[PDB]
Structures are given as structure tokens and as C-alpha cells.
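S.K.: Got an experimental structure here, sequence first:
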Amino acid sequence: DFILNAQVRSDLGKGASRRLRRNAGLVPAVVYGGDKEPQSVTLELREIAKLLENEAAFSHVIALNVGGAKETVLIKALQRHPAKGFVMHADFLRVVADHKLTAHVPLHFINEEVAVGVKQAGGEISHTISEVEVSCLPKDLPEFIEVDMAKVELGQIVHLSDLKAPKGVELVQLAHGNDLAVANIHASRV
Amino acid sequence: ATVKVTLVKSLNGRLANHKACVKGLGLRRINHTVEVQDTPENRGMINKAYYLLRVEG
Amino acid sequence: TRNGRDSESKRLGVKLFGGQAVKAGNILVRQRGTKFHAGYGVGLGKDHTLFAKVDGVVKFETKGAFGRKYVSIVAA
Amino acid sequence: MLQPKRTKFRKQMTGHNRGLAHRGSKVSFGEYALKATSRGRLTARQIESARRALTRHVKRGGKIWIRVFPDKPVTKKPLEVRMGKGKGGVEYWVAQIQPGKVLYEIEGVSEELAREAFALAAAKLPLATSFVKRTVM
RNA sequence: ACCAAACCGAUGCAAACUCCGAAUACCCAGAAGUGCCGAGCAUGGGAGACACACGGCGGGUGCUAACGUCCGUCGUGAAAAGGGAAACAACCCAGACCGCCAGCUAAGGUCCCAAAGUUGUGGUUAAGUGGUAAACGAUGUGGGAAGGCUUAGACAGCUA
RNA sequence: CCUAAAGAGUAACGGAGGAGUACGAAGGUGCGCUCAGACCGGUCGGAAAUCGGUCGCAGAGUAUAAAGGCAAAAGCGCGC
RNA sequence: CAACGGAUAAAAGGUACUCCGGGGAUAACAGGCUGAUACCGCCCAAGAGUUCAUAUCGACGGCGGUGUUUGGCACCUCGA
RNA sequence: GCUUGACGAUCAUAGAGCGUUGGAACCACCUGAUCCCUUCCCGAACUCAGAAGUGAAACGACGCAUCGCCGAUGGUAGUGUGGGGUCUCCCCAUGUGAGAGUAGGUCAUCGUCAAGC
Ligand SMILES: [Mg+2]
Ligand SMILES: [Mg+2]
Ligand SMILES: [Mg+2]
Ligand SMILES: [Mg+2]
Ligand SMILES: [Mg+2]
Ligand SMILES: [Mg+2]
Ligand SMILES: [Mg+2]
Ligand SMILES: [Mg+2]
Ligand SMILES: [Mg+2]
Ligand SMILES: [Mg+2]
Ligand SMILES: [Mg+2]
Ligand SMILES: [Mg+2]
Ligand SMILES: [Mg+2]
Ligand SMILES: [Mg+2]
Ligand SMILES: [Mg+2]
Ligand SMILES: [Mg+2]
Ligand SMILES: [Mg+2]
Ligand SMILES: [Mg+2]
Ligand SMILES: [Mg+2]
Ligand SMILES: [Mg+2]
Ligand SMILES: [Mg+2]
Ligand SMILES: [Mg+2]
Ligand SMILES: [Mg+2]
Ligand SMILES: [Mg+2]
Ligand SMILES: [Mg+2]
Ligand SMILES: [Mg+2]
Ligand SMILES: [Mg+2]
Ligand SMILES: [Mg+2]
Ligand SMILES: [Mg+2]
Ligand SMILES: [Mg+2]
Ligand SMILES: [Mg+2]
Ligand SMILES: [Mg+2]
Ligand SMILES: [Mg+2]
Ligand SMILES: [Mg+2]
Ligand SMILES: [Mg+2]
Ligand SMILES: [Mg+2]
Ligand SMILES: [Mg+2]
Ligand SMILES: [Mg+2]
Ligand SMILES: [Mg+2]
Ligand SMILES: [Mg+2]
Ligand SMILES: [Mg+2]
Ligand SMILES: [Mg+2]
Ligand SMILES: [Mg+2]
Ligand SMILES: [Mg+2]
Ligand SMILES: [Mg+2]
Ligand SMILES: [Mg+2]
Ligand SMILES: [Mg+2]
Ligand SMILES: [Mg+2]
Ligand SMILES: [Mg+2]
Ligand SMILES: [Mg+2]
Ligand SMILES: [Mg+2]
Ligand SMILES: [Mg+2]
Ligand SMILES: [Mg+2]
Ligand SMILES: [Mg+2]
Ligand SMILES: [Mg+2]
Ligand SMILES: [Mg+2]
Ligand SMILES: [Mg+2]
Ligand SMILES: [Mg+2]
Ligand SMILES: [Mg+2]
Ligand SMILES: [Mg+2]
Ligand SMILES: [Mg+2]
Ligand SMILES: [Mg+2]
Ligand SMILES: [Mg+2]
Ligand SMILES: [Mg+2]
Ligand SMILES: [Mg+2]
Ligand SMILES: [Mg+2]
Ligand SMILES: [Mg+2]
Ligand SMILES: [Mg+2]
Ligand SMILES: [Mg+2]
Ligand SMILES: [Mg+2]
Ligand SMILES: [Mg+2]
């Protein structure tokens, strides 16, 4: 499931880190956060690359296992090769039972076939954004935020305030007094 | 507290900074071995010309 | 072409660095404007030149509001 | 042909093209993209040529973004002219491309149709390319 | 119903943009040792030279063309022989006081021309690739991580 | 000013601009004061004149190009 | 005295009638390096071909080869 | 030990905003323009003589992270020296190592003198 294995990294630097990717086939990583000193760990590339095609990979909670001591983490940021695209570095944020945390949550758009602006007016659908910054307690962190586009007419805009959210979830950008277009309907290009 | 240093590569065409590092330890022609103290000032002239010397410890 | 012009270089910059001993009348920095301001023991020429007025050692401190960079002379 | 409406200076030095593209290498607007895997420079007539070939194939809906803008002037000295006597006039405009830069984006089409159209465009460009989907990060 | 400053967010570029910002290099001071017995400075006798070349690195110009041209900084030639790169000033190794029918090595090499392993261990290539060259194309071949069907009969063939 | 490679210097029939002046106060000193701009209200002027208020902090200004400076303002006014 | 370290207070042209001293330190011919240009191949396929992209052509774009035209450079030859 | 006033150190982890509060003393607004003095007009500002009112404005203190400002660990880019490749560009050994971003932090900390408890 959401299981990752790690070993304690000891050699730090550019030359040491370039050697892991070339010979050992491992990936440097960091486990910071919580109330502890940060820990530098390493993990195998073919295992992190297999957890990353799960759709709810970043918005779920991982069970990291460093050596024989396991704990609760979350994919906080990720580094990829600009050209090839594989992952080079990754950092994990520790999860505390009573502490607010932030995450990136993808949006599950639904029932676009029977939208009023598409079935009747013959318009298109454009997803302006595909994830939203959220902030919530770990116990109620959603896998996806569901946006419903059934009763949408041609030219009608959908903003952050339009979509619903589960309990105890803030949209961060909305809290900053900045709601922005999520999706819209418009006439065909040609 | 002392280290052997042997010059094993030619001084021809080396940077003038590296030539004066070898001359600063007392090495003059190839396959010459000298007795120098293991002091931080001397230890830093060896590292600047690592590729030219053979250090026997 | 209508471009081939330039002017002689003026040799500007710092002449004495931090820690150097100074004498009275010694020129410290040559400037256009004031990148550096005259601190304790230093004077300002009419073309914005910093010169020593006492004997000592260059300091090169930045302090005060406005984030100014000061050149001062201290005890040796 | 894309080119700036006005420029501060008419000419530029040749410069050098170095480094990977850590900025401009993410699928930001669209949902499928054509990334560059080799470095070079597009001459603003290939950017224009490769855009006919991409919108013509979809020919039904879809939104297309162009993430490359040619903003660097280049000069050519005329024929039968000696060396020196100034710098040549501006002929065309190019864009510096580094490995990893995303060139074209598209959405509102099937994944299979995106692959066809981006192969039409890539044949008009003088550098290696790739097909990239979109990720959360 | 077109255009639309202004603002909010997302997203690129700059030798003559900068909220930032190195490694080196440069200036100064205190210290051990080395210096061919001196290196530094000053004052005098005598000069030659002020037509440079290529290679590496950082740039302008040219077409990021030229054994092109113009700068900065190193190395060699000039003024440097010897061994290697077949032959080959400027590349690699190394700096010739003289003699020896003595030994050890550098770069480069060890089937024959032609001195020295037809040495040992595990793979790859079938193209004389090695021993010249791109976009692009192809059931050539070795290794790896995974997938979709499958004795409820999978994929090719054949009878409705 | 850039080339010019974060000390100085550094070439091309390389890329861009200026000068061959002005001022008896546009100098000295003492004292005093902050600009451009936006919005609102106001007789004709109306996007733009003079006036009142709020915001703003230098996006103004410097005899003259560009760069570097400018709150003890180096910007503005008055007396001697 | 701007030709701005200013030859004098005071100064323009022709030579195919020409002449001397030199230079491949520097051009015209041919050789060499390069290949912008030139010529010859190939990749993509909007299209023309009654329908049908490739019988025959092929836009907008891209990749090469040969030294083969117009050039670039000035390495050899000005005691031919 | 506490409050108020004056002068400094340091220049945002110290600022901006948004709320609460202080008049016994201090400070401020305040009363008037005969005198000193002032306005390119005007007691608005400067100045003088004060003691009827109010802490409304201003100032000070106290709270909050909303903006701002600080900001790690790790990774990445660049880079001196030596050596390589398919040499417009990169790679290896070794030393060095940002900018942006992430977790987070901040509603300052001191010194001298004079008044009142
Ligand atoms: Mg390294
Ligand atoms: Mg060498
Ligand atoms: Mg110029
Ligand atoms: Mg010029
Ligand atoms: Mg110059
Ligand atoms: Mg200059
Ligand atoms: Mg003075
Ligand atoms: Mg150039
Ligand atoms: Mg960039
Ligand atoms: Mg720059
Ligand atoms: Mg500028
Ligand atoms: Mg001697
Ligand atoms: Mg002499
Ligand atoms: Mg002499
Ligand atoms: Mg001389
Ligand atoms: Mg010369
Ligand atoms: Mg010359
Ligand atoms: Mg030279
Ligand atoms: Mg040369
Ligand atoms: Mg070069
Ligand atoms: Mg060049
Ligand atoms: Mg270039
Ligand atoms: Mg040359
Ligand atoms: Mg060259
Ligand atoms: Mg020599
Ligand atoms: Mg000579
Ligand atoms: Mg030789
Ligand atoms: Mg030889
Ligand atoms: Mg050869
Ligand atoms: Mg030989
Ligand atoms: Mg031997
Ligand atoms: Mg060997
Ligand atoms: Mg023979
Ligand atoms: Mg033999
Ligand atoms: Mg054998
Ligand atoms: Mg062969
Ligand atoms: Mg061959
Ligand atoms: Mg400039
Ligand atoms: Mg400089
Ligand atoms: Mg430098
Ligand atoms: Mg020069
Ligand atoms: Mg002029
Ligand atoms: Mg003035
Ligand atoms: Mg005056
Ligand atoms: Mg007004
Ligand atoms: Mg002030
Ligand atoms: Mg003259
Ligand atoms: Mg002259
Ligand atoms: Mg003269
Ligand atoms: Mg005559
Ligand atoms: Mg006649
Ligand atoms: Mg003659
Ligand atoms: Mg002659
Ligand atoms: Mg010649
Ligand atoms: Mg000449
Ligand atoms: Mg001939
Ligand atoms: Mg010729
Ligand atoms: Mg010849
Ligand atoms: Mg060729
Ligand atoms: Mg047709
Ligand atoms: Mg020929
Ligand atoms: Mg030719
Ligand atoms: Mg030459
Ligand atoms: Mg001749
Ligand atoms: Mg002859
Ligand atoms: Mg003859
Ligand atoms: Mg008053
Ligand atoms: Mg920051
Ligand atoms: Mg770090
Ligand atoms: Mg680092
Ligand atoms: Mg940082």
C-alpha cells in the first residue's frame, strides 16, 4: 500500500549524492518536521517511482520505515530531472496527531458529459487548475476534492467559493481573500 | 611527525604556483626523497601538488 | 559605422583595505558619488574622495539607518 | 511570425547556450506537452510552421498554448562582403532552448490524438523532443 | 455582441535589468621550513626587441565557418634536441656537460614487418563494426523493472 | 555605459549616446520646507490652470548625455 | 595649430612615356583552409491528381553530401 | 522594583495594520495676542503670557501573524586543481558551494540622567 523503506544516510555532498544515482541506484531524501532534528535517509529509486503513479500519492499518509524504526510522514516536496523526468530528491514532513498541516490535493472533476453548457449550448470545458492548496488536521485530510459541473451554463465561471469541501478543510488561497477560476465553459475554437 | 615526499612527475609546464610548492619542500629532480615535518604549513604544500608527489607517510 | 568612441579609464575603487595601516592624508577610496561615507577620522574631498585625517587602521563598517557603508579609522 | 513589438536595443552579442531548464519545464496550463530533450534554438519560422501542423490535426476543439517566444535578434552579413566594416543588420529572431523546456501544450483532446498531433509538429523542429503528461509535482 | 487600460493569480527572457549572489583572483598582517646561497630593492656600464605562431580556458566579430580576425590568462615553438602520435615546429612524456657492448621507468605498447603476454578471469559484436558522417527507419542481439490475457483453454492457423 | 572574465588596466572600420558651454547668482553662510502622481469637492477653463482635503513615500528634482549619488537632503525659498 | 604631443609664417594634381630601391610583410591568375552561396540527395505530409498523400508532383518546415559556381581568409610564389 | 520626560546604542525577528487602555504628576491638545517675535495674506506654523476644560486627536503601553521582515536541514546550479568523452557541450577524483523554495521564527533587546510611588 503506502509503505516506504529507508536507510540512514551518512555521506553528504554533491559527489556523494551523484554516486548514489550512478552506482547504487538509490535516492537521497530528508525527514524533517515535527519536533525533532531532521534526518537524512536514502531509498531505492524503483520503489519511490512505483508509489508515485498512485493517484492519491501526495494527499495520502505514508508509513515510512527508516531502518527498523517506522513513523508517519507525508510527501511534502519532490525533485525531478528537468529533461529525463525521474525523481532525484524527495523530502517528507512528519505528521503529528494534533497539528495543522498543508498539502496539495488534486481535483476530481465529474459528470462532464451531461453539463448544461455542453449538451445544450455546444461549448467546451477547460480545467484552469488541477490541484488546490489545502490546510487541515491530519485525521481529516482528503484524497481528492470533488467538483461537480452538472448545472453549468455556457460562459459561466467556477471559482473556489463555488466548490464544496469536507469538514475542517481550508482552501488557503480562499482564506487569503483570493478565489480563482477552477473551470469554465466556452464556445468551440472553430 | 615527519613525512616522506618523492617527486615522481616532471616539473615541465606546471603552473608557476605548483612549481614553487615543490621547491618549497626541497625537491629538485625526479625520484628525490626528502624529510619534512608534518606541520600544517608544510601539509598544505603537499596537497597543492598532490598529482606530482608520492607521499609515503 | 558611427560608434567608435570611448573615454580613458579613471582608476576608481578602494585603495586601502580593512586592517591596513594609514597615515594622515592617505587616500582611502575614489568614488563617483558616495558608495562609502566618511566615518570617524576620515574626510570627504570635493569630488567625493575619502582621505585619512588621523593615523590608524581602516575599519569598513556598515551601520545606522539607511544601510550606509562607512569607512572609519581606529586605534592601532 | 512571433517577435517583440519593440526592443530597447537593435542588436545583441552571440552569447552561449548552457545548462538545463529548471524553469519552464513543468506542464503548467495544459494537460499534455511537448518537451525538448536536446538544446538548440528555434528560428520563429519553425515555431510558426510547427503550429499549423498541430492545430490542423486536432481540427475539432481543444486549447493550445505556446510556451516559447523568440526574442533574440540575429544578424547576417550580406554576400560578397569583406570582414569588418560594422555589424550586420537583423535578419530573424530565435529562442534559446535548453534540455527540458516545454514548447507546446494542449488539452481538451484524447491522449491518443495528442500523440499524433505532437508528432506532426516535432518533424518541423531541429531538435529532439518528447511527450510529457501532467503531474501534481 | 469587438477592443479595453488598471488590478489578482499562473508562467517565460535580458551584454548595456538586479531584491540577491559564489569559486577563484587581488590587498594587508603574523608564523614554520625551503631557496644554490640567494630570491627583493636602489644607483650606474652595455644591449637586443617593439612582423609573433599554435593548443587549452573566458569573450567580441564571422556562419558559437576558416591553419580567419581582435582581446584576457596559461603551455609549448621562436630559442629545445630525445621517446610516442605511420610520416607530422605549437599535441603527450621529458628538458641533452662528456664516455660505457650496465640497470629501472614515463607517455606509448607486447601475432609478423619491429624490442616486449598468440597471458589469465567473466561478458559483448558478426558489422572486417573495430578501421569516418545526421534527421529518420527496421520482428539484429544482450541485460533490467514492470504490465494485459491464459487448462473457466490464452495468441496464430482452420470449420459456422 | 557595455564588451571587460566581482581589485586596477585591457583590442576591433565592435554595440549605444554626449562636449568644444553656462552662472555676479545657478557661488558662501544662517534660517526655514518637502516632490511626481491618484481620488473626492469647487465659478465659467475640465482629461489637464488656481483652491480645500485624504492617500503616497521619491515612482519627482539636479543648467547640460550616461553612470554612480542625494535627509546634515547634494532638491526648494528668503535675508546678509 | 580639430591630422587636436601641434614638421613651415606660407603649398594642389597627372603619368598608358615613365624610372630606382624593396615586398609574396600586401592585391589580380592558379593551388590550399572553409562551405555562407551553388549543385545533388533524404525526413514530415497540407494538398493537386474525378474518389485516391506518395503512378507523377508536392507547399510550410527540417537533416545531410560534393567540392562544383559566386564568395570569405591571405598560408605558397613579386632576384617572374 | 514601577511609571513619565530627555539623550543615546542597534536599524524591520525591531516595521505596517487591527483592537483595549493612561491624565495624581509629565506631555499634548487648550485660553488670549498687551509685550519679545512671525506670516511673499492669515497667532495655521514660529513666539510670548497663562491655568478655566479634554485625554477627542497626538503620543506611550498592552495584545493578536493578516501583510511585511527573518529563515534552517537536505538537494540543485556554478566553480579552483588533475584527468577523460560522442568536444557549440558535459563527465570523473578532490576541495568549495549558492539563489529560489520547505519546516518554521518575530508584535524587539540594552545604557545614562531627572521627576512621582
Ligand atoms: Mg565535483
Ligand atoms: Mg602539461
Ligand atoms: Mg560609442
Ligand atoms: Mg563601436
Ligand atoms: Mg577603454
Ligand atoms: Mg569604464
Ligand atoms: Mg570643504
Ligand atoms: Mg561572438
Ligand atoms: Mg533561468
Ligand atoms: Mg548580467
Ligand atoms: Mg542602466
Ligand atoms: Mg651553486
Ligand atoms: Mg640596466
Ligand atoms: Mg646601465
Ligand atoms: Mg622601446
Ligand atoms: Mg606589433
Ligand atoms: Mg599584427
Ligand atoms: Mg597577440
Ligand atoms: Mg596568435
Ligand atoms: Mg575561443
Ligand atoms: Mg573566436
Ligand atoms: Mg560565438
Ligand atoms: Mg591565426
Ligand atoms: Mg579558430
Ligand atoms: Mg621553456
Ligand atoms: Mg627570431
Ligand atoms: Mg621537441
Ligand atoms: Mg619527434
Ligand atoms: Mg597522423
Ligand atoms: Mg619517428
Ligand atoms: Mg625494465
Ligand atoms: Mg603503463
Ligand atoms: Mg622498417
Ligand atoms: Mg618480437
Ligand atoms: Mg588467449
Ligand atoms: Mg575494417
Ligand atoms: Mg571502417
Ligand atoms: Mg550600465
Ligand atoms: Mg574591472
Ligand atoms: Mg578579474
Ligand atoms: Mg592591446
Ligand atoms: Mg559629436
Ligand atoms: Mg544646485
Ligand atoms: Mg547659493
Ligand atoms: Mg489639488
Ligand atoms: Mg532632514
Ligand atoms: Mg599630424
Ligand atoms: Mg597626434
Ligand atoms: Mg607631427
Ligand atoms: Mg607630382
Ligand atoms: Mg602620347
Ligand atoms: Mg623596379
Ligand atoms: Mg628592387
Ligand atoms: Mg602572404
Ligand atoms: Mg601592413
Ligand atoms: Mg595558372
Ligand atoms: Mg586565390
Ligand atoms: Mg602554390
Ligand atoms: Mg567536407
Ligand atoms: Mg483532394
Ligand atoms: Mg578546385
Ligand atoms: Mg574557392
Ligand atoms: Mg595573419
Ligand atoms: Mg608574383
Ligand atoms: Mg629563381
Ligand atoms: Mg622560371
Ligand atoms: Mg498654540
Ligand atoms: Mg525570503
Ligand atoms: Mg546548504
Ligand atoms: Mg549546497
Ligand atoms: Mg538559501
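M.R.: Cool, the structure landed. Numbering: from 1, shown residues only, chains lettered A, B, ... in the order given. Ligands and ions are numbered 1, 2, ... in the order given.
S.K.: closest point of chain C to RNA strand G, which residue?
M.R.: Residue nearest to RNA strand G within chain C: residue C:5 (11.0 Å; CB to the nearest atom of the strand). All C-beta spots, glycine's among them, are computed from the backbone N, C-alpha and C.
S.K.: What does that residue show for phi and psi?
M.R.: Backbone torsions for residue C:5, taken as degrees, to the nearest 10, come to phi -140, psi 150.
S.K.: Tell me who's in contact with it.
M.R.: Shown in contact with residue C:5 (CB atoms under 8 Å, 6 or more residues apart in numbering or on different chains): no residues.
S.K.: Distance of it relative to residue D:48?
M.R.: 40 Å (CB to CB, to the nearest Å).
S.K.: what about residue A:126, helix or strand, and which?
M.R.: Counting by DSSP states H and E, the element that carries residue A:126 is strand A:123-127.
S.K.: residues in contact with the closest residue to residue B:37 other than its chain neighbours?
M.R.: Leaving out its chain neighbours, the residue that sits closest to residue B:37 by CB to CB, 6 or more residues apart in numbering or on different chains is residue B:2, at 5.7 Å. Residue B:2 makes contact with B:35-38, according to CB under 8 Å, 6+ apart.
S.K.: Could you check how far residue B:2 is from RNA strand H?
M.R.: In this view, residue B:2 and RNA strand H are 23 Å apart by CB to the nearest atom of the strand, to the nearest Å.
S.K.: same thing with residue C:32?
M.R.: Applying CB to the nearest atom of the strand to residue C:32 and RNA strand H gives a distance of 25 Å.
S.K.: likewise residue A:144?
M.R.: To RNA strand H, residue A:144 is 20 Å away according to CB to the nearest atom of the strand.
S.K.: Stretch C:39-55: end-to-end distance?
M.R.: Taking CA to CA, to the nearest Å as the measure, stretch C:39-55 stretches 14 Å from start to finish.
S.K.: Need the phi and psi values for residue B:36.
M.R.: Torsion angles, degrees, to the nearest 10, at residue B:36: phi -130, psi 160.
S.K.: Looks like residue A:154 contacts residue A:125 (just checking).
M.R.: No - using CB atoms under 8 Å as the test, residue A:154 is too far from residue A:125 to be in contact (10.7 Å).
S.K.: between these two, what contacts are shared?
M.R.: A:117, A:185.
S.K.: quick one: which helix or strand includes the residue nearest the centre of chain B?
M.R.: Geometric centre of chain B, nearest residue: residue B:22, 4.4 Å, by CA atoms, centre = their mean. Secondary structure assignment for residue B:22, by DSSP H and E: helix B:16-25.
S.K.: Alpha carbons of that helix, as CSV, please.
M.R.: Provided in CSV are the C-alpha atoms of helix B:16-25 (Å, rounded to 0.1, in the frame of the first residue of the first chain):
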residue,chain,number,x,y,z
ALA,B,16,54.3,28.6,-11.5
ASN,B,17,52.3,28.3,-8.3
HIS,B,18,52.8,24.5,-8.3
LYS,B,19,56.5,24.8,-9.3
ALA,B,20,57.1,26.9,-6.2
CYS,B,21,55.2,24.5,-4.0
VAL,B,22,57.5,21.7,-5.0
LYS,B,23,60.6,23.9,-4.5
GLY,B,24,59.2,24.9,-1.1
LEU,B,25,59.6,21.4,0.3
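S.K.: For it, name the packing helices and strands.
M.R.: Packing partners of helix B:16-25 (3 or more CB pairs under 8 Å, 6 or more residues apart in numbering or on different chains; DSSP states H and E): helix B:40-48.
S.K.: buried ones in the helix it packs on?
M.R.: B:45-46, B:48 (16 or more other CB atoms under 10 Å in any protein chain shown).
S.K.: ok, now stretch A:17-31?
M.R.: For stretch A:17-31, burial by neighbour count (16+ other CB under 10 Å) applies to A:17, A:20-21, A:26-31.
S.K.: Run through who's touching that stretch.
M.R.: By CB under 8 Å, 6+ apart, the list of residues contacting stretch A:17-31 from outside reads A:6, A:9, A:38-46, A:48, A:64, A:66, A:71, A:73, A:87-92, A:94.
S.K.: Those residues: which ones sit near chain D?
M.R.: Near chain D, judged by CB under 8 Å from any CB of the partner chain, there are no entries from those.
S.K.: tell me, which of those make contact with RNA strand E?
M.R.: Contacts with RNA strand E within those, counted by CB under 7 Å from any atom of the strand: residue A:46.
S.K.: Narrow the contacts of stretch A:17-31 to just the buried residues.
M.R.: Among the contacts of stretch A:17-31, those classed as buried by 16+ other CB under 10 Å are A:6, A:9, A:39-45, A:48, A:64, A:66, A:71, A:73, A:87-88, A:90-92, A:94.
S.K.: if we look at RNA strand H, which of those are close to it?
M.R.: Near RNA strand H, taking CB under 7 Å from any atom of the strand as the test, the members of the buried ones among the contacts of stretch A:17-31 found are A:40, A:88, A:91.
S.K.: picking that back up, looking at the contacts of stretch A:17-31, which are in helices?
M.R.: A:45-46, A:48 (DSSP state H).
S.K.: Using TSV, please lay out the buried residues of stretch A:17-31 together with secondary structure.
M.R.: Formatted as TSV, the buried residues of stretch A:17-31 follow (DSSP: H, G, I helix; E, B strand; the rest coil):
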residue	secondary structure
A:17	helix
A:20	helix
A:21	helix
A:26	strand
A:27	strand
A:28	strand
A:29	strand
A:30	strand
A:31	strand
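S.K.: which among these are in contact with RNA strand G?
M.R.: Among the buried residues of stretch A:17-31, none lies close to RNA strand G by the criterion of CB under 7 Å from any atom of the strand.
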